[PDB]
Protein chains: 2
Amino acid sequence: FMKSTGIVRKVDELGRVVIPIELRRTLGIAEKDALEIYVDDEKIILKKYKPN
Amino acid sequence: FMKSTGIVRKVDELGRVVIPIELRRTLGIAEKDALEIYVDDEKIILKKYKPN
């Protein structure tokens, strides 16, 4: 039922990954914005960060 | 509602995020390794990539 884009990127020296520009726009994320990171089932879940 | 590390990082110019070294080791990920990226519910799920 859940579909995944299935896109892979190479890991750079620091172990960082890049979001495709298509997701930068749809996720409303821009430079200097804050991301929050989750950990579940050996998978990493990243979402926009809106502190309350 | 799910439990997560709750750690946030700043977005750099290209819109990239960094995995904490604690997750680099636990996830078995190193430079030049391949990551596969998922998209669900406006959240990004990244997992180790096994070539097929």
Quiz item: Rounded to the nearest 20 Debye, what is the dipole magnitude of the protein assembly as shown about its Cα centre when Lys and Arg each give +1 and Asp and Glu each give -1 at the C-beta?
Solution: 20 debye
Quiz item: Can you give the charge dipole size of chain B about its Cα centre, rounded to the nearest 20 debye, using +1 on the beta carbon of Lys and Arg and -1 on the beta carbon of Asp and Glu?
Solution: 240 debye
Practice problem: Would you list the P(r) distribution for chain A, with all Cα-Cα distances sorted into 10 Å bins from 0 and each bin expressed as a whole %? | Solution: 17, 51, 29, 2
Practice problem: Show the residues, 5+ positions off or on another chain, whose built amide H is closer than 5 Å to the amide H of B:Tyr38. | Solution: B:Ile45, B:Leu46, B:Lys47
Quiz item: Once a ≥ b ≥ c are taken as the square roots of the eigenvalues of the Cα gyration tensor of the protein assembly as shown, is the result rounded (a/c under 1.5), prolate (a/b larger than b/c) or oblate (a/b not larger than b/c)?
Solution: rounded
Quiz item: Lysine pairs in chain B with alpha-carbon atoms under 19 Å apart, 8 or more places apart or on different chains: how many are there?
Solution: 6
Quiz item: Once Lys and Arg get +1 and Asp and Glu get -1 on their Cβ, which of B:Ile37, B:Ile21, B:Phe1 lies farthest toward the positive end of the dipole of chain B?
Solution: B:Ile21
Exercise. Find the relative contact order for chain B and round it to a whole percent, using C-alpha pairs within less than 8 Å whose residues are 6+ positions apart.
Key: 21 percent
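When we count neighbours, we look across all protein chains shown, and the Cβ atoms used for this are built from the backbone with ideal geometry, even at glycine. We did not get these values from a lab; they are worked out from the coordinates using the rules stated.
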